[PDB]
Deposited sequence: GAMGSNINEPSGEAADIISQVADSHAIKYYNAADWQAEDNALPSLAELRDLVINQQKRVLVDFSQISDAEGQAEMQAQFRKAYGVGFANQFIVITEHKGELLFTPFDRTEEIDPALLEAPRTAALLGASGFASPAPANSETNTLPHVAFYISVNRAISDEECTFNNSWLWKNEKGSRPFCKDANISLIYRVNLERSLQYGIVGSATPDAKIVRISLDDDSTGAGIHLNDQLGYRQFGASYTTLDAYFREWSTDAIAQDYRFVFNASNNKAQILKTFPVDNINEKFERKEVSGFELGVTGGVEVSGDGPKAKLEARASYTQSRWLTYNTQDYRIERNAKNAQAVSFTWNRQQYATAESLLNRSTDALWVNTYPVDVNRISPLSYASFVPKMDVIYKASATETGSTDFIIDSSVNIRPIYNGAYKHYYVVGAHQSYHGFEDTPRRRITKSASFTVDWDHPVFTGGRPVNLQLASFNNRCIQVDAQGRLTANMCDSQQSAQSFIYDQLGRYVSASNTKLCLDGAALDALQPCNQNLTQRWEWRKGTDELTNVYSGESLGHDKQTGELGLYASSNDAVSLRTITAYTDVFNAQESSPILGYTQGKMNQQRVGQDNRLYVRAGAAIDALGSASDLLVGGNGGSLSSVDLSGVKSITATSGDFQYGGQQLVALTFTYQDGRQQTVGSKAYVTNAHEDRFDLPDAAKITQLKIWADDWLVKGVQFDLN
């Protein structure tokens, strides 16, 4: 049931929430058509409205929108072919390309190219992939040298949790035999052309301009053949944090108070292939799965000589691993960054391909005089054909999600609690509050400015309160709340934002009068469900890192006389480098008890965590043998509660405290 839409009709457009509800909640498959628009100006306008509304744009004529893993899935074409922790836009890009017989066709023979004809070397060859994309902001957190970056992020990846079907070339590898059309005494007389495999699989990532640079990727370098392992690619972003470290709520200025490690799980099983990483420059990087094991036709020979009366296929096709033609599922993670103040747009292109390689071997007839025989050989300089499928998406660096802040409103208490709202021209009015109206949403940024969420280029300016103004560095655009009151003050003049109780007109005042109120109420416009969690066990000292509990549902630790580090994976440990690695199962945990006190080797420390499970079993990390004047904080998990996130406080040497979030 595809719900067709002619974009030309909107030149008179549904919000993101509306689209997600129709596609995700109502499982409706949507098809947006841009090919009916009459001219370039009209197309550019709608394209601009489309991406401004949904956070992503395309230049393609058709866009199919479906659901995938709880997010929107965009399938563009031209012809008939965590949120509580980090604000972000997540979606997927689908790519499906059928490889035609013509595209898989090669000569039946190599030695006799123009004689034996040609045939398709693959059956139902296909490329079906799904790319996960996240648009998000990272704030600077930590000391210069070991801090998270202050940067707008575009993260693209092919991971275990959202992967598409993969690349297919053949179900099985068959062959055909051929022979010289002339007499032979000492020369090649027979040949076998085997169905094609992938000499390589390649994925190229590039950005359309220099506004974006590659920050990190996974793999970070080359990966050898016969490499089998589930890897984790973690990227640490500075975030504003919640109640555990930002006691001001909606009035808190955009500031990093913790870091968060967003992880992508990547399963590798390279077998015959080695993975070669190549970063040509700051905008482009490619990952190529190249045959390393049994890479030549010669290597496939399972016999070398025979008498002339033997006519047997001299190849052992079982030496070829199935990921070479049956099913291949790539895994990678690419993280692009742009400056904190970047503007405009950037396109990201993904080139996915398979280098199709037919296989040729021949038999050489040797003449000795008294006795003759044949020898088998492989031909390597034979034809290969790369079939590529590209896709691109456009990103606007001014999208509100890139501010890293949460939308909030400004309510005039004495004016029937109305919300300040901005129209297209930037004029201000006061209307009934409505969370579904972005025109009432603002981001309270780093400078203390109130940036319109519906147009990040405009700001609340004391210089002219009749309309928002192009954001700048002037103090007239920075606001500061007076603690203990509902009064919002202007940094430049020190006055308070007041509103006439009857007309709603805005102005700056030294104090309220009979006709004017200085009471401004602000609230988050997004509805956030309460997060249940244990108290902070231990001490709230040092930096805090947040990590989601992995699929393996285990807590990783390095400890000795105290607790050196903790993490959701052995490769994502936070804390010092001492202690010895250990692991704790989180399923069945009924209660957790932390031990803190005077540490034998200095100061106060969290020295141990004891976990008690439903069956009574207990496991402890750290020790109680090097602490005196100890104190025990015990947390009992609510019935059926499961640990899903970890908040870890640590300094350069030890974990200082931890908090466990539930469900």
- Counting from 1 along the deposited sequence, give me every gap where there's no C-alpha, start to finish. 1 to 25, 38 to 41, 111 to 139
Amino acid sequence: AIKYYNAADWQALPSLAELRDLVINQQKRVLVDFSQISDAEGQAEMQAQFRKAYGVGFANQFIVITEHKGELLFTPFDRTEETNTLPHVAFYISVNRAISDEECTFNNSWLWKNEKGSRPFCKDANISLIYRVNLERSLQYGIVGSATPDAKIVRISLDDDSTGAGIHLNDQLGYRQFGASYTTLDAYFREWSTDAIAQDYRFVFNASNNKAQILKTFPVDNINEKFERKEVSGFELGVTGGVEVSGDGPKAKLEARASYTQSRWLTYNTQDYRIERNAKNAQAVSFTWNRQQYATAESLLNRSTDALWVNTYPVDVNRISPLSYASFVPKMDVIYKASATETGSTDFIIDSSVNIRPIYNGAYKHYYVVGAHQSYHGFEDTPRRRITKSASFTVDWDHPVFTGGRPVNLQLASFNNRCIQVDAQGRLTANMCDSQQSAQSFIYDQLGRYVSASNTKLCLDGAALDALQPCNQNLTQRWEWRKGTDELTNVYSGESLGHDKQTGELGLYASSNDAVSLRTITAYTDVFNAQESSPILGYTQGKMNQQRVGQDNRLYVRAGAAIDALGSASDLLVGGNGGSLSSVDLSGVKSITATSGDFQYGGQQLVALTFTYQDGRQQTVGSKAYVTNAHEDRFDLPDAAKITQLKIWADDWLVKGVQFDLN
From here on, numbers count along this sequence of modelled residues.
- Query: On average, which has the higher Cα B-factor in the deposited entry, 653 to 661 or 2 to 10?
  - Reply: 2 to 10
- Segment of higher mean CA temperature factor, 110 to 118 or 482 to 490: 110 to 118
- Of the choices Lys280, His499, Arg176, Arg274, which one's C-alpha carries the largest B-factor in the record? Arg176
- Task: Identify, among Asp351, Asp316, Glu342, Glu244, the residue whose C-alpha carries the highest B-factor in the deposited PDB entry.
- Result: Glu244
- Chain third (lowest, middle, highest) by recorded CA B-factor, residue given as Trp397: lowest
- Message: Split into thirds by Cα B-factor across the chain's modelled residues, where does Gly507 land: lowest, middle or highest?
- Response: lowest
- Message: What third of the chain does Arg386 rank in for C-alpha temperature factor, lowest, middle or highest?
- Response: middle
- Task: Could you tell me which third, lowest, middle or highest, the C-alpha B-factor of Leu185 occupies within its chain?
- Result: highest
- Query: Among the chain's modelled residues, which third holds the C-alpha B-factor of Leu410?
  - Reply: lowest
